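# Examining the three-dimensional arrangement
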Amino acid sequence: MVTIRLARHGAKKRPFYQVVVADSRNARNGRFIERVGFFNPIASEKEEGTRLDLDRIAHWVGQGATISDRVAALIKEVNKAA
Amino acid sequence: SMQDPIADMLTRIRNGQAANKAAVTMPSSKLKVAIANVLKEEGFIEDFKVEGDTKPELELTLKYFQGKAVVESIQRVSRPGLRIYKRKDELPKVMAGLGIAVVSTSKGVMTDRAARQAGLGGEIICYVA
Amino acid sequence: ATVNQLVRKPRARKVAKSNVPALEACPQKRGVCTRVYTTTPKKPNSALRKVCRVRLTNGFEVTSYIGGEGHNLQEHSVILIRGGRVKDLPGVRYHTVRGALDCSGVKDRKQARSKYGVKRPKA
Amino acid sequence: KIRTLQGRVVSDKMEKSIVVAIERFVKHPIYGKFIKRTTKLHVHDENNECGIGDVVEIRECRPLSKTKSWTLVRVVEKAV
Amino acid sequence: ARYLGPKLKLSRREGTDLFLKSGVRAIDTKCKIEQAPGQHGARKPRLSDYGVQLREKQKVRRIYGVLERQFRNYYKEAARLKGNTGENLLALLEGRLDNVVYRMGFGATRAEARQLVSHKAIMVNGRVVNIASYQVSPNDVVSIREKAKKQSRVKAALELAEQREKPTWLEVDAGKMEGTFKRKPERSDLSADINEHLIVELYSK
Amino acid sequence: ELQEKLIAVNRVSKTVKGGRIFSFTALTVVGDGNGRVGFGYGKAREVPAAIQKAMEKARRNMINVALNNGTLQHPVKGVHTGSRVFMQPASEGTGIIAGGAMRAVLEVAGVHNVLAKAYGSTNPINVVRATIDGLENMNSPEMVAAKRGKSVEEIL
RNA sequence: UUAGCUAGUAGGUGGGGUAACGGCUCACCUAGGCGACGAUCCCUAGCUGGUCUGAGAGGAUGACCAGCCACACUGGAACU
RNA sequence: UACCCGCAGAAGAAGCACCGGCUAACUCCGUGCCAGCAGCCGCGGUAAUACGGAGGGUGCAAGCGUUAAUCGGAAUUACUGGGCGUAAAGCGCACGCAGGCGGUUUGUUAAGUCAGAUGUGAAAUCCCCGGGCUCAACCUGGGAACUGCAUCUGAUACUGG
Ligand SMILES: [Mg+2]
Ligand SMILES: [Mg+2]
Ligand SMILES: [Mg+2]
Ligand SMILES: [Mg+2]
Ligand SMILES: [Mg+2]
Ligand SMILES: [Mg+2]
Ligand SMILES: [Mg+2]
Ligand SMILES: [Mg+2]
Ligand SMILES: [Mg+2]
Ligand SMILES: [Mg+2]
Ligand SMILES: [Mg+2]
Ligand SMILES: [Mg+2]
Ligand SMILES: [Mg+2]
Ligand SMILES: [Mg+2]
Ligand SMILES: [Mg+2]
Ligand SMILES: [Mg+2]
Ligand SMILES: [Mg+2]
Ligand SMILES: [Mg+2]
Ligand SMILES: [Mg+2]
Ligand SMILES: [Mg+2]
Ligand SMILES: [Mg+2]
Ligand SMILES: [Mg+2]
Ligand SMILES: [Mg+2]
Ligand SMILES: [Mg+2]
Ligand SMILES: [Mg+2]
Ligand SMILES: [Mg+2]
């Protein structure tokens, strides 16, 4: 089914995750439909390490796409910052 | 056969200048008039004049500065064997802007500089330098 | 030269053949020495050029120059050619690598030692 | 507004089917010359109403046959 | 990955001083600066145009102590960057950290400034920097840290820097042993004997 | 103040009853660091006499070149007998990108930023003639303004 | 220094068939269809985003990464 | 684990090619058209800067050379950007179908052409401005670009109808 999930595109030992919309049978870093942001766990101070287009995310959820556990965590952290 | 009058016009100019001819005459046309209009406005010939009704003869009065010719180089670009059309971004700069490129546009025949200021390109007749 | 002529028959390029065809786009090929011998060079030179007839691995039978002074090359010897022709020899297009798999380095050579497979002479 | 094309009719011998030469006019990708290129399409016609040398206007539809996926709408320049 | 041999042999080949030694003793005393090194050093052959382009590039390399792959990458960056390519090449060489240490006089030579960098004696904006080729942005402070502040060779290098000409684009405070890279230097701020066009023509075959 | 460069020396011959008589030719070019450029071609039994005859003829027969600040004014072409030559104005400090004899003639011409290419035969005599013809017929915005009878601002 | 190729072939009617159009299949009818803008045949070959070079136009190429296709001892077939 | 602090002492850490011209860098001793070099021109026959060693020097540098392979230089398949009297190259001549091209004027069309808009041209890559790893390589944000195609709205000089 269609899902919303991370995609490991970083260097070794220094990850960086593109949060994308993908059919769940595809590979992780492979084919996707729409890139709706990113997350950096090694994000320094004075930079964004989380950016999510929540209107598109709510658009795909209105289409019935599922959300990963980490993406739903990052939506929580945005809805706690805001 | 006479496949191309515009290259005949340019060749009669080029050989007139090289022969130090005062004036050059030729069978007239609506386009040959519009080109001599451009060459008069930009300053390469003194004056043109078309006379006659059934078969009109266009006479060009050439221009000489310090003895030698004004028109250093004049060339045909688009030809019946190979047409040349350019967009407004890819219009050429002859001699870094010193020469001109006679361009036929939808709003009549103009130079490349006026074609850029008009924001529209067309068919490149000749490079005049 | 007419643009119509080029439309009908375009400008075709020149497929350049390789002067080392036995390598088959490889840098080196292992061979077996068939006959080790000498050859007199062209007329302006005069020497006894040390050159071996080699059955290669891919099946070809090519001749190959033996560089340097002195060689322990015999028949039924397993060498490694690398490509590169001797100008002053008819038909020799390849060089044996000195210091490879049967061939020894040049005795008592102290300059250009890697071009001849010679270890660093410790003082 | 629907997409349609025009062209000469090459042949009409097979029934309920004509062959149409659409002659497109493209620029050469290298030398800049404009070259006429001809495209043949098998066009379904009802009633066998077209002739050779006839100009026609066709649209694309669902595949009627193996080599036929085009249907005319009207005829211009009927005669020779 | 560094030249470790004799330095005046390089200055003799280039024909002029490269400031490869501290300048306490005069270089004409320490070496025959007018004679090329080697057995055949007295003879001056007619040096070719490729020769003068090589000697100019080897001059600038032997001044700053940069090897060829890195000097090539500086040429690629200076040609990529806008404006004069040779001037951007000199602005990057003057932006090197061991050069800024030399120009502030914390080390007597550029090599000694390099050794202070390599031996963790330099803080850039508070953080210790170990790399000689660290680019120093304008409006950057650069200081001797606390532990190597009590070195003898530091205030001896500041003595020789007081003997030397003051650069305009810096502002050093020798008591705290720190300074401030205010701006990148102009070509007019630098030396006038460097023909940077010979290097551009060399890497523009 | 006139900088002087010899481009190439060449030994020529002349066969007589006794045998071959050898001689030397010298191709030198002078210039003032500005548009005043001039070349010479001397020939003698000896090299310093040939360079001196070449510098002598090069100091006269100078030619004037309407330069810009340090570069050319428009992309110009020059031919002489084997050597079609293209040269082009370039950005500041890109150097003289030119081949052989053209580097020496543009260096004494006082140009500093060119993009050149010598097609055809690269014989230094004809290619330095082709560059002298290209720089000589390179024309300014003032000369084209007076020629067409307009202002420079009307020419842009 | 491959010029002719094609009888399910090209099209039509109807039946069957498929998730679906359709010679996809079958009977019947017509005699067509492709081709010098290169059919057919032969050799080679996975394609692209791209990569290398080159001032550019171009040339060569398709490793890694990503998209499509194909195969899974070889040749076949179907089931769920 | 990164990272940081301390200890001890210059210790434990430089090689490869080349030096006749192209091509940066020269002398000596063996050697004798032998041994050998070699990318091309070419060196070697008793004073070899060209062979082999040494001293010196030059270029690179934890690499340096050789070989294979691609583009370049090569405007040497030339669209950009070549030629054909004698250097390679005008069919022995002509008619002529297809094809290519086409005098001048007006009207009309809007196909080509030009302009604008929309959709698309996956991401990555390249480029620009930045950010992050002590710097860089690298990773990364945004943008530009993807020079294309389709549709629509217009323009009518030129070409075509
Ligand atoms: Mg955490
Ligand atoms: Mg390194
Ligand atoms: Mg730059
Ligand atoms: Mg004379
Ligand atoms: Mg030539
Ligand atoms: Mg049936
Ligand atoms: Mg049915
Ligand atoms: Mg295959
Ligand atoms: Mg090129
Ligand atoms: Mg199987
Ligand atoms: Mg030399
Ligand atoms: Mg001797
Ligand atoms: Mg040699
Ligand atoms: Mg080539
Ligand atoms: Mg080419
Ligand atoms: Mg030719
Ligand atoms: Mg003959
Ligand atoms: Mg002939
Ligand atoms: Mg004839
Ligand atoms: Mg007409
Ligand atoms: Mg019209
Ligand atoms: Mg249109
Ligand atoms: Mg448009
Ligand atoms: Mg993209
Ligand atoms: Mg940074
Ligand atoms: Mg019309």
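Calculation notes
Residues numbered from 1 in each chain as written, not as in the entry; some residues may be left out. Chains lettered and ligands numbered in written order. Part of a larger assembly, values for the part shown. Heavy atoms only, no water. Pairing = 2+ DSSP bridges. Helix = DSSP H or I, 4+ residues; strand = E, 2+ residues; numbered from the N terminus. Near = heavy atom within 4 Å. Polar contact = N/O pair within 3.5 Å; in protein donor to acceptor, adjacent residues only side chain to side chain. Nonpolar A, V, L, I, M, F, W, Y, C, P; charged D, E, K, R; others polar. Buried < 20%, exposed > 50% of the residue type's maximum accessible area, 1.4 Å probe, protein only. Contact = heavy atoms within 4.5 Å. Patch = residues over 30% accessible without salt bridge, like charges linked within 9 Å, V, L, I, M, F, W, Y side chains within 5 Å. Areas by Shrake-Rupley, 256 points an atom, 1.4 Å probe, with all protein chains shown as cover. Salt bridge = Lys/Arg side-chain N within 4 Å of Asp/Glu carboxyl O. Axes fitted to C-alpha atoms, helices over the stretch in contact; angles between N-to-C directions. Parallel < 35°, antiparallel > 145°, perpendicular 65-115°, else oblique. Left-handed = near helix turned anticlockwise from the far one by under 90°.

Structure determination for this entry, per the PDB record, employed cryo-EM and reached 2.9 Å resolution.

If you check the PDB entry, chain F appears there as 30S ribosomal protein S5 from Escherichia coli.

Chain E is annotated in the PDB entry as 30S ribosomal protein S4 from Escherichia coli.

### Description of the sheet that holds strand β1 (residues 122-124) of chain E
Residue and element names in this part refer to chain E. Here four strands make up an open sheet; going across it, the order is β2-β1-β3-β4 and the pairing antiparallel. The open sheet terminates on both sides in strands that have one partner only, identified here as β2 (127-128) and β4 (178-181). In this sheet, β4 lies alongside strand β3 (residues 140-144) in antiparallel orientation, the contact comprising four bridges. Looking at β4, one finds that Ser-143 is bridged to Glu-178.

### Side note on the protein's contact with RNA strand H
Not every one of the 111 residues close to RNA strand H is listed here, only the nearest: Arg51(A), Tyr65(C), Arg113(C), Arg55(E) and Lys57(E). When atoms of RNA strand H within 4 Å of the protein are split into backbone and base, the sugar-phosphate part holds 76%. A distance of 2.8 Å separates a sugar or linking oxygen of RNA strand H from a polar atom in the backbone of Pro27(C). Here a phosphate oxygen of RNA strand H sits 3.0 Å away from a polar atom, N or O, in the main chain of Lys110(C). A total of six residues in the surface near RNA strand H trace back to one element, the largest contributor, which is helix α3 (residues 49-64) of chain E. For the surface near RNA strand H, a count of residues per class yields 38 nonpolar, 29 polar and 44 charged.

### Observations regarding the environment of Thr39(D)
Residue and element names in this part refer to chain D. Following the sequence through the fold, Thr-39 ends up in strand β3 (residues 34-44). Classification of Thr-39 by relative accessible area gives partly exposed; the value is 28%. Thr-39 sits 13 residues away from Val-26 along the chain, and the two C-alpha atoms are 12 Å apart. Apart from residues no more than four positions distant in its own chain, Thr-39 is found in contact with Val-20, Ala-21, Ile-22 and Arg-24.

### Some points on a nonpolar patch on the surface
Nonpolar side chains collect at one region of the surface, where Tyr85(B), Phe25(D) and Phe34(D) lie side by side and expose about 330 Å² of accessible area between them. Position of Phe25(D) relative to the elements: it lies in strand β2 (residues 17-27). For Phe25(D), a relative accessible area of 53% translates into the label exposed.

### Some words on the protein's contact with RNA strand G
Residues and elements named next belong to chain D. Taken together, the neighbourhood of RNA strand G is formed by 24 residues, with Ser-11, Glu-15, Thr-38, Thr-67 and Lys-68 sitting nearest. Taken together, the sugar and phosphate atoms account for 88% of what RNA strand G places within 4 Å of the protein. Within the side chain of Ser-17, a nitrogen or oxygen atom sits 3.4 Å from a sugar or linking oxygen of RNA strand G. Here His-42 contributes a side-chain N or O atom positioned 3.1 Å from a phosphate oxygen of RNA strand G. Taken together, the elements giving at least two residues each to the surface near RNA strand G come down to β2 and β3.

### Here's the deal with the packing of helix α2 (residues 101-108) of chain F against helix α3 (residues 124-136) of chain F
All names here are of chain F. Closest axis-to-axis distance for the α2/α3 pair is 9 Å, and the angle between their directions is 40 degrees. With respect to each other, α2 and α3 are oriented oblique. The crossing of α2 and α3 is right-handed. Here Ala-101, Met-102, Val-105 and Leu-106 of α2 come into contact with α3, specifically with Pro-124, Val-127, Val-128, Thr-131, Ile-132 and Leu-135. Among the residues forming the contact of α2 with α3, the class breakdown is nine nonpolar, one polar and no charged.

### Things to note about the pattern of salt bridges
Per the counting criterion, the structure on display carries 32 salt bridges over all chains. Here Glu68(E) and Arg61(E) are joined by a salt bridge, their closest N and O atoms 3.2 Å apart. Looking at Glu68(E), the relative accessible area reads 28%, which means it is partly exposed. Residue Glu171(E) is joined to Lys182(E) by a salt bridge in which the shortest nitrogen-to-oxygen separation is 3.5 Å. With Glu171(E) in the loop between α8 (152-163) and β4 and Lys182(E) in the loop between β4 and α9 (196-202), this residue pair connects regions lying eleven residues apart in the sequence. Relative accessible area serves as the criterion here: at 49%, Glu171(E) is assigned to the partly exposed category. Linked through salt bridges whose partners overlap, the residues forming this network are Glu42(B), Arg148(F) and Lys150(F).

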